[PDB]
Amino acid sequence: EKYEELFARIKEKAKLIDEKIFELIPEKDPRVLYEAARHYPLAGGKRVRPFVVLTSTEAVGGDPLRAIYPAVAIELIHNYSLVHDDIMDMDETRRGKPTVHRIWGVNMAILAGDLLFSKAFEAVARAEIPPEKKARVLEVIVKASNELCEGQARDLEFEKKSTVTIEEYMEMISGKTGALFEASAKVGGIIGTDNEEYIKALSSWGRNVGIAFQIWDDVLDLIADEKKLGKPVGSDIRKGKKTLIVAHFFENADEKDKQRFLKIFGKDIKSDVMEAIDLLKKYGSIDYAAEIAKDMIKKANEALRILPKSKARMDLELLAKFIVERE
């Protein structure tokens, strides 16, 4: 129920963020480029990352209003990563619509991603903050940007091989999703506080939430009911996607199981999909990943303890808790 109100707040902030986003990427020449760029932002994303920005600036000092363009920067960066990643992953349809590359082609999709990335920094420039703050915000966003490319690169290398280790996958996801999430919180703080203890606490919360997010999604993809998930379980198995669940299984399973799993991994199909999920349960792999996600969530909030009590800290605690309780 409170989640309903939390989403009420989240959706409330989204409005401010959205006006800024679309004033940066309006319908102008060239349109094909700007509509291609506008496609994902227009899908009506919930703007969780920007929300973490503005909400983080309130858990430390106040006036998230000054963290609007920097929050926009982060949402623009997130969107550009989706466009390019969809090209690489060969993703057919984001949301209930075709992906940017399928509609406008790979070349225009690359350019749209580029435009989106470029405008994240134009958003960073438009920020209204002290030179020292600005300089420190630009540098947080840049380092997260680099980690993001590095995490996606390691993710591409995985394709060159059948198995991965828990350590390999965690180093990859940390930069793919964790980095930008951490940057969201860390940038929120910086904009409203000079308390290095808060920032270190906000950063740790973003890092952990960003990672647990994805891990929980991978978990849901296997054991979430189809009807509700809108689709059958195990599409990540059919995809041969490297998740923490699959890494745990490869680390713990005997040769016989490993080899059978690999036959029916990333290759009627109802039987093979289930036989694969059964192989994973045999070794507690799904449950394992579920626990890791919950622990990171606990550690994240238990790190916000350091900040004062406000409804802003409240939302950050609720969000983190929601991100791991949902189906």
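Just count from 1 along the sequence shown to find any residue number.
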Unmodelled deposited residues between residue 267 and residue 268, binned: 10 or more
When the Cα temperature factors in the entry are averaged, is it 138-146 or 121-129 that ends up higher? 121-129
Comparing 57-65 with 24-32, which has the greater mean CA B-factor as deposited? 57-65
Residue, from 105, 210, 96, 175, that the PDB entry assigns the highest Cα B-factor: 96
Max C-alpha B-factor within the set 154, 200, 101, 248 falls on 200
With respect to C-alpha B-factor, does residue 46 fall in the lowest, middle or highest third of the chain as deposited? highest
By its CA B factor, does residue 193 count among the lowest, middle or highest third of the modelled residues in the chain? highest
On the chain's distribution of Cα B-factors, residue 75 falls within the third called lowest
Is residue 230 in the lowest, middle or highest third of its chain when residues are ranked by C-alpha B-factor? highest
Ranked C-alpha temperature factor of residue 224 among modelled chain residues, by third: highest
